[PDB]
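Just the one chain here, laid out as structure tokens, in the form deposited in one PDB entry.
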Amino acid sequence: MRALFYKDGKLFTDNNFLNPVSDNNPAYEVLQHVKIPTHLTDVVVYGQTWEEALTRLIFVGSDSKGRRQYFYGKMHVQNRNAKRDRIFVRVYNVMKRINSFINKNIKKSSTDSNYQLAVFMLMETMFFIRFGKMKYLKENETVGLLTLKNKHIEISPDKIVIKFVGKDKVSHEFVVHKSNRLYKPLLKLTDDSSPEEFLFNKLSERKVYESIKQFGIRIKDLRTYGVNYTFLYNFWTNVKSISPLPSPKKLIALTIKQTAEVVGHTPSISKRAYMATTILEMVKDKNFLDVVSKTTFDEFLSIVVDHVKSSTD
């Protein structure tokens, strides 16, 4: 669709606002259905009907820091939500490969990029930490996995504590005890003598992208997966543990709250942006609780994966 330029209710083909579109351009219908936020500038509106806008990019504008902010139609958003079912199955199906890659590489020297990649994947599948692009470190002092420095790693004789300030200035602490798979290779990777150096000093964005590619997923998919995996573990444990069973509502709520606290974000975003939609609806089915009764977690996980498989298509 053609990008039209918006000024004071009016649409133009050029960014200098010298060439107006016709009064019957279909994007004017779009403007009847959406509010252009007053805080955005340099607004671009796509030339399309409202029906076409439902599934597409509608408009873009610059916020006060000059960032381009994109607004999408409701069906685009719904189609986005629907993907999480598929992502959840896909990661489950590739986890054994990821663990095989970790185990193969985690015995190498700490200066070997393959070792570092192994430790990156292990930390990620254990803690679901965000990728950590350098750009937000520079722009906002934001730390994620790739931008961890030795300063963020605190070594005690019993434990290792990873603490850093991540997206939206939300502080995070993850603890790695002596008995953890991760403890030895993390202790090995960290350089106490160089607080300001990156932990993953032989990695880069490109090198991470190239390595994750072999598993058919992105790093953020490991986070989507971990949220669901964690919800399911908690759901199972809850059904199995709490003496008088809470109401349905109360149980889902408790499970989300627990899951969101492990992951480090709000219950609201956990459900809105991470939980697979089919998982959520199957957990409302009162016929489901009985299936849970006498499963192992893996049997339980395996039934959920199968139901999500046959319900995504």
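From 1 onward, residues are counted along the sequence shown. We call the rigid core whatever largest set of C-alpha positions still superposes within 1.5 Å between the two forms.
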* Looking at the deposited entry, does 29 to 37 or 246 to 254 carry the larger mean Cα B-factor? -> 246 to 254
* Looking at the entry, does 259 to 267 or 56 to 64 show the higher mean C-alpha B-factor? -> 259 to 267
* Structure fact -> The largest CA temperature factor among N140, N180, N201, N228 is found at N180
* Would you mind checking which of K207, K133, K240, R223 has the top Cα temperature factor in the PDB entry? => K240
* Asked: With respect to C-alpha B-factor, does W50 fall in the lowest, middle or highest third of the chain as deposited?
  -> middle
* Report the third (lowest, middle or highest) to which the CA temperature factor of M275 belongs, ranking only the modelled residues of the same chain. => middle
* Asked: Would the CA B-factor of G216 place it in the lowest, middle or highest third of its chain?
  -> middle
* Third of chain Cα B-factors occupied by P157 -> highest
* Consider only the C-alpha atoms of the modelled residues in this chain, order them by B-factor as the entry records it, and name the third containing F128: lowest, middle or highest. => lowest
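Below, we refer to the form deposited in another entry, which is not included among the displayed structures.
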* To do: Overlay on the rigid core first, then point out the one of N79, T237, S194, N201 whose CA is displaced 2 Å or more between the shown form and the other one.
  => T237
* Does the C-alpha of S64 move 2 Å or more between the shown form and the other one once the rigid core is lined up? -> no
* Would the C-alpha of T55 be classed as shifted by 2 Å or more between the shown form and the other one after rigid-core alignment? -> no
* Asked: Cα of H39 displaced 2 Å or more between the shown form and the other one, core superposed?
  -> no
